[PDB]
Every structure is written in structure tokens, then in C-alpha cells.
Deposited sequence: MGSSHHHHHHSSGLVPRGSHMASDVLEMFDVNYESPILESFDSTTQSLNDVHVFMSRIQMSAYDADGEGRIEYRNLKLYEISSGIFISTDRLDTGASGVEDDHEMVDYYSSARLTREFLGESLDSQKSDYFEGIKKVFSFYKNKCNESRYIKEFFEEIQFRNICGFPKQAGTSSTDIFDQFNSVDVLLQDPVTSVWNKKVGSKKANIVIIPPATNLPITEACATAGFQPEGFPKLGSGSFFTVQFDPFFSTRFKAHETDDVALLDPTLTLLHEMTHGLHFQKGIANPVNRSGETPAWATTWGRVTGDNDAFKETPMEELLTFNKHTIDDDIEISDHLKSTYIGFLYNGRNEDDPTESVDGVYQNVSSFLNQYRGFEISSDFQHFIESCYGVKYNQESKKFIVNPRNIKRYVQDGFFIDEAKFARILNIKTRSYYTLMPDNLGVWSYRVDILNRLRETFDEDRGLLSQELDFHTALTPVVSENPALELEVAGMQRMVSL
């Protein structure tokens, strides 16, 4: 079932009616839904708001949209480049001689072609298979429980997306008929972003500061039809970033959001000094390449272990505003609420599978073993972009030059040449194999 593609097309009809006595939401693969996004005002300060969007379920718990969501103005004029390329036209109106409908159809086909490549790689690589089995199917438990969510509900805002029908009289898509398990949502870069940006976010966050160990589905803003050049080692051998590797990087951040280990913050809601190494978060170095931490692999592994230790145990500071609540205290406090309460076997198994914990039937309580919660955090960092690049033989940064245009078109649907294959992926990262964009400035 890993990355098994549903029979779903760009033009497959959106759900307009639902009869629970003869239909299952599990069989619904094209529907109106809503997800949180950061929206920006004219000043450029962000607030989290729901946005309606049309979703395609391309595989169990994996959703894509062709909708470019309105998150405010980018603040950059059309076709200006600053490393990244900005255009308000991409997936909103005619762009590069392609209609909106053409662009949306191509975006759908291109994302499916990328996932067909990943399915072929799962069949070839135990490591890639293990990664997709985890991000596609893992149980995702968020806390605290929100709004009208019962303490024993499996599906909620952290791990499912709403199925909305239209109010017949007003035509507004605001009639919720249920929800569907969600692990991964892939959408185009929103209006506020450049068209070359790739960005992974927590799919759902409550109003408070996020808690370590509280998971959500992840949303990736990603468009495989564009990429940016990169310089080799510290020579001048230039090549194009492979979008299939860019998405694997973002989905690795994704796995960290699914477990609630991506974004450690203190009681003031700021990143603690121990989470950063000008400044780069440890979350970025462990997603990119362990070896960037130190030339000696054993020192890299030790600094990794110290970071995971603080994610797990938190840290008490002499300034209590800088203290961090760890995964162990957050998860054990959450599960300790259930001590002595009768719960369904379905909710019991959901929690057991999510955190790798056991349940004591006699005392009706979760057994929250420290070694199990440590493994939950450690397991989140089992793979990085560099490992993917070695398995797939994709060229990436080893990681401001005046070497001209940064942003390139990528012919994912093979209109120009044999550019992208479902078995081999991107057949060349050479810049002369791709079409440079032409920024006005």
C-alpha cells in the first residue's frame, strides 16, 4: 500500500453529495477542504487563518492541491529575482504563455509523476521504503485536544482534514460531513512566497506555543516546475537542484512535524540557544547532512545526541523564561490524564502505535517507559537529505557569486526533451539541460 496511487485525475469530479449509509469518506479522493496558513497584512506581520482548498487524495493520507492560496502580497514586483524568483501570475493567471487551467493540470500531473518516481525508489531501497511507510501511515497525536474534540477521539485537527459540501442556497463550501486521516499535504507556494520556494510547516497549530511531542500532519509548499542553481564544493562547477531531492528534504522536516520534534521553543516561545549553531538551527543541519555538524562522524553523532537529549528531557534554566518542556514530560503529562478511565481499544492502540508505549489493563493507564519515548525522538532523525542523495545518486550542495540567473524551469512533463523519467527521475542536473527564467531585475 506504500505510495499506491489511487485512480484520480485532474478532472475527477469534486464530492458534491455524501450518504453515510452507502458511502465511506475513505473512498472520497476529490473534495473541498480547509487548512491553516500564515496570512500577511500590508505591514507584513503574520496571523494563522484557515483557507478553503480543493484536495486530491493521490495515495492513502497524502493530499495535493493545485490552488495557490491567498496569504497576502509577496512585496516583490512580478518577474524580479533575489536568488528566489517572484511572480504573482504563477498558478493565478496566464504565466510563461500557459493558461491557469494548463498550469493547474500540469501541476497535478507533475506532482503525481514525482510520487511515481518515489514509489519506484521504495521498491529499490529499504531506507526509502522505511521513510515513506513512516510519513505516509504513522499515527499522529496532537495535544492539548482543541475545541469540541473529545479526549478519546482518534481523528482531530492535528491528523485529519475536513470534507466540506456546498450550502445549496448560499453556495459557500462550509457544510462539514466528516474528516479523513491526513499525514501529508502538498500545495503550490502561496501568494506571499517566491515560485522557487520549498517550505514545510506544521499542518495545524493551536493558539498556544507548540509543545514538544505534539504532532501534526505537515503541509509542504513545493513546485517541481522550477528550481535554483547551486555551486559545487568550493570550486565553480554549477548545476541545478533536483526538485525530487528538494521535496525529500522538506518531507524530512515533515517527519519532524509529525512527531512534534521539529521546532523546540522555550516558555517565551523563542528557539533555545542549544537548538542553534551565521546562526543555523540544529533542525536544519540534521535534516540536510549530519556531517556538516563536524568533520569527525563521532563528534557529529555526539552533538546530535546532546540535541536529542534536550528535545527529550527539556532543560531547566536559572531564567525560567528560557526553560524548555521536553517530549518526555509533555507526553507523560498528557497520557497520565487517562489514568483509571475506561478507553476504547481503538484509542489505546492509536496511542500505543504513535509513541511506542504499552497499556496496563489492571490500572487502566499508559505505561510511558523513558527508553520508548527516547526512541520516538531518536527515530525522527534516522535519515537526512545527504543519505537520500547517496542512495539516488543526486547531486546536492556540500554546504552570492554574480554568476547570473538563479532560477530555472524544469520540463517535468518532457515537452522539450526526455527530462524526467518515472524510473530514473531527473535525467540531468546540468544547467544547459534546463531553461533559465529571464528576470526583469
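- Counting the deposited sequence from 1, the stretches lacking C-alpha coordinates are 1-23, 301-311, 434-437, 480-498.
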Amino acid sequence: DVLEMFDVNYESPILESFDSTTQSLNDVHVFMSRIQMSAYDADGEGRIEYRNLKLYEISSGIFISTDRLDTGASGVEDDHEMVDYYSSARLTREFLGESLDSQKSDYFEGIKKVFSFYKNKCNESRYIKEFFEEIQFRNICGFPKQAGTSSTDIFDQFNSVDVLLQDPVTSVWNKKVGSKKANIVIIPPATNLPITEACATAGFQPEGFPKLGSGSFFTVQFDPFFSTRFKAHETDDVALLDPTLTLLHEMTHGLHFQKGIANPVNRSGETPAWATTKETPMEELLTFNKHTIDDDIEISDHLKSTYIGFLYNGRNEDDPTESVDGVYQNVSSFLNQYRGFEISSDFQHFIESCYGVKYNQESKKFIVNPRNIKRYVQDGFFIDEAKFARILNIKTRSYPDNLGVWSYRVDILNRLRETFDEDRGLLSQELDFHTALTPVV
From here on, numbers count along this sequence of modelled residues.
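- As the entry records it, the average C-alpha temperature factor is higher for 37-45, out of 385-393 and 37-45.
- Legend: mean Cα B-factor per stretch from the PDB entry, 320-328 versus 234-242; the higher mean is in 234-242.
- Across the residues 77, 223, 109, 250, the deposited record lists the maximum Cα B factor for 77.
- Ranking 188, 72, 178, 203 by Cα temperature factor from the entry places 72 first.
- Sort the modelled residues of the chain by CA B factor and residue 133 lands in the middle third.
- Among the modelled residues of its chain, residue 345 has a C-alpha B-factor that falls in the middle third according to the deposited record.
- Per the deposited record, the Cα B-factor of residue 120 falls in the lowest third when ranked against the other modelled residues of its chain.
- Residue 82 sits in the highest third of its chain by CA B factor, as recorded in the PDB entry.
- Among the modelled residues of the chain, residue 399 sits in the highest third by CA temperature factor in this PDB entry.
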